[PDB]
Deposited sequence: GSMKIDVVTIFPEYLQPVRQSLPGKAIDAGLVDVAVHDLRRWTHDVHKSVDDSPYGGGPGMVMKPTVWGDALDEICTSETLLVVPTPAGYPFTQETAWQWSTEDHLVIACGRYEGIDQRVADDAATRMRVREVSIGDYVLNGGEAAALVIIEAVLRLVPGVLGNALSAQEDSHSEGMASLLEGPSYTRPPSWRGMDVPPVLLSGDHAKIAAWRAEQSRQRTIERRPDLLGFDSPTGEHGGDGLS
């Protein structure tokens, strides 16, 4: 069984929910998802987890010490440590497929400004570390990215179950004066493929020219 540990200062946000893809996976015994409050590894009265950046700049940086004790306790040398970060390598469908075979994912959730770089540098001496971004929009912390990563990876785990998709339709064949493309009604597996391919092309070149090796 796969085991996923998430570490965060927002454990309630990351608490698994039964009616969800991860929830189904958990209840099917295919995965154990444990969530940990990073503040467990603080020792000061105020439970401080970050501090001002050396060299200045806006915002705060998470303290290396607290993350240190946390990952010390939760990780082994076989652990794949995932660290969401705006500055990471891209998280892709290829990445998802790869992590779907993993035995232990530990996901370190930190604020946008980052965890002290020495945390990941130190972890890499004992385990595999992957700093990744799920997109170039800006989230305030790694929490939502952790939820995205979990859903992308879990749906690939055995047992759990290029080009843009063109439009899709279902019943009724006429709705509010709008008709389904007749080829999709004609039952011709060949003509239908020709049409869907053509639609996908038009859509991809319009919305994602990058996918076909073009600019913008």
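Could you list, start to end, the deposited-sequence stretches with no C-alpha atoms?
No coordinates exist for the deposited residues in 1, 163-178, 234-244, so these stretches are absent from the model.
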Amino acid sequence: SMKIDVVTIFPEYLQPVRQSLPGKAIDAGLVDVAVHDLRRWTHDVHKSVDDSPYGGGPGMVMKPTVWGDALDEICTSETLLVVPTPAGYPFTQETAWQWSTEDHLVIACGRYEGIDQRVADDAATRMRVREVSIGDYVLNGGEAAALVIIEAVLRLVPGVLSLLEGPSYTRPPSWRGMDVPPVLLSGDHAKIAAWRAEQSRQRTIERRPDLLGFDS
From here on, numbers count along this sequence of modelled residues.
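Note that the rigid core is defined as the largest set of C-alphas that superpose within 1.5 Å between two forms.
May I ask which stretch, 82-90 or 107-115, sits farther from the shown form in 9 other deposited structures of this protein once every structure is superposed on the core, judging by RMS CA distance?
Higher average C-alpha offset in 9 other deposited structures of this protein goes to 107-115.
Within the set of other compared PDB entries, does residue 193 lack a model in a third or more?
Other entries vs residue 193: none skip it.
Tell me whether residue 60 is absent from the model in at least one third of the other entries compared, counting only those where the residues either side are present.
Residue status for residue 60: no gap in any other entry.
Per the PDB record, is the mean Cα temperature factor higher over 33-41 or over 145-153?
33-41 has the higher mean C-alpha B-factor.
Taking only the CA atoms, which stretch has the higher mean B-factor in the record, 122-130 or 84-92?
Looking at the record's C-alpha B-factors, the answer is 122-130.
Can you tell me which of 48, 168, 52, 174 has the highest Cα temperature factor in the record?
In the PDB entry, the greatest C-alpha B-factor among 48, 168, 52, 174 is found at 48.
Among the candidates 113, 136, 103, 116, give the one with the maximum CA B-factor reported in the record.
That would be 103.
Just say lowest, middle or highest third for the CA B-factor of residue 4 relative to the other modelled residues in its chain.
Ranked within chain, residue 4 CA B lands in the middle tercile.
Compare the C-alpha B factor of residue 195 with those of the other modelled residues in its chain, then answer lowest, middle or highest third.
Highest third.
Which third of the chain holds residue 207 when residues are ordered by C-alpha B factor: lowest, middle or highest?
It falls in the bottom third of the chain.
In terms of the CA temperature factor given in the entry, to which third of its chain does residue 183 belong: lowest, middle or highest?
Ranked within chain, residue 183 CA B lands in the highest tercile.
In terms of the CA temperature factor given in the entry, to which third of its chain does residue 70 belong: lowest, middle or highest?
Middle third.
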